[PDB]
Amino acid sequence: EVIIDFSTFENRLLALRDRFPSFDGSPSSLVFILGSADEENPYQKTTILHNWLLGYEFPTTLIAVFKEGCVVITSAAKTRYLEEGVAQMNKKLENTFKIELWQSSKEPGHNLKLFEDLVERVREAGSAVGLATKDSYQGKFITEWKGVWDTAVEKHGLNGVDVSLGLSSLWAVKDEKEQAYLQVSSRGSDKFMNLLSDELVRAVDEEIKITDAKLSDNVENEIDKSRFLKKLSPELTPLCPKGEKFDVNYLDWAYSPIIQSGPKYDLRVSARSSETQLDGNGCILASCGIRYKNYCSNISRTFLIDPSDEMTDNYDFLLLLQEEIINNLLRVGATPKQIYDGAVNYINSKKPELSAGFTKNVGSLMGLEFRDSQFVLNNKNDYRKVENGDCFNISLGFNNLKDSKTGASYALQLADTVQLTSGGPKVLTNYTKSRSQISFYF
């Protein structure tokens, strides 16, 4: 079932070795500690790191990285997935880089001594230690580790250094395999947006009493229909890497689907489905995002029900704005600020009535992390640069609009997953956004 891709493990672990000493703060070593799995917080940096290095989260596991090697503290059973590939890697890198697998144990005192041993190696490396400072896990293993670490900061003079920006830069560019998983994920997002539209239109047509949150929950639970998922394989298996087939067990939601039908809408990052009655008029916002083998995608659409002329005109503009971002501003070397400011320019030119209501960002880098907060497409970030192989959630919205004649409240939102390739940006989510196909009349 579980097979670690060891050429991928080697390349990514060595990339991390090569890059971490020049992370901000100049860490001399890295320590990442995964305690018990927390399925409620899948995007913690240490979990992302496991998914990146190994393809899987390894609970109750410590990984420390140095110039000359790597220490993994993990159970005998998990060591079985690693020992052959590590021995092969060690033989090749015999005079450069040595991975040591220290087998943990439930026997009291055993892991404690390993942690003490590891602290000796860390302090020998240097006083600056790179850590995922915001991560939180439970369990005996990490709790014993924290006691050792806290003292080593008190016994020796160690300063923990957060490495979020460094990891974000290291993870940004997607290799061939990752780009395939992102396309599978994105086609999954397409399928669920299609299901969402069909359910929405039916609920509106049938005037049923239902809240936005109940409707999005209905869609959300569709992913557990395994036999429905199996039938997606002809669309999805050709998008998987060479030698791989679609596996239903690796498809999940990136977040709970969001429906907001008004009159109040929320485009903030924290926003969820509204709790109020489905309003079958004007603008209805929908968002869903899928993970395939932990790679996130995102799609957002606006559906129009008997829209006013101002709604259709502004939806037409929203399409043109997304096109300007995707096919003009998303360029290798561009900063988030240049991209966001280019969007602001386009709105000021064509639709200044929409300047105030525009979202203060147009999305983010996306991948194993659904939203990379180190690479948000806003005016503030002038210190990241788009690279070939980056994948973006290009998501834009306008809130707090009213029709000038009826006073009807509305909002607009459109999002797509976009991959930078050598041939340029490639939109991975292909569910329709043509106004004629997202507009319904009753």
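The first residue of the shown sequence is 1; numbering continues from there.
- The stretch 191 to 199 shows the higher mean C-alpha B-factor when 357 to 365 is compared against 191 to 199 in the entry.
- Checked against the record, the higher mean CA B factor of 137 to 145 and 179 to 187 lies with 137 to 145.
- Looking at 164, 314, 105, 287, the one whose CA carries the top B-factor in the deposited record is 105.
- The residue among 174, 350, 293, 301 whose C-alpha atom has the highest B-factor in the PDB entry is 350.
- Looking at the C-alpha B-factors along this chain, the one for residue 251 belongs to the lowest third.
- The deposited CA B-factor of residue 55 belongs to the middle third of values across its chain.
- When the modelled residues of the chain are ordered by their C-alpha B factor, residue 160 lands in the highest third.
- Per the deposited record, the Cα B-factor of residue 68 falls in the highest third when ranked against the other modelled residues of its chain.
- Among all modelled residues in its chain, residue 45 ranks in the lowest third by Cα B-factor.
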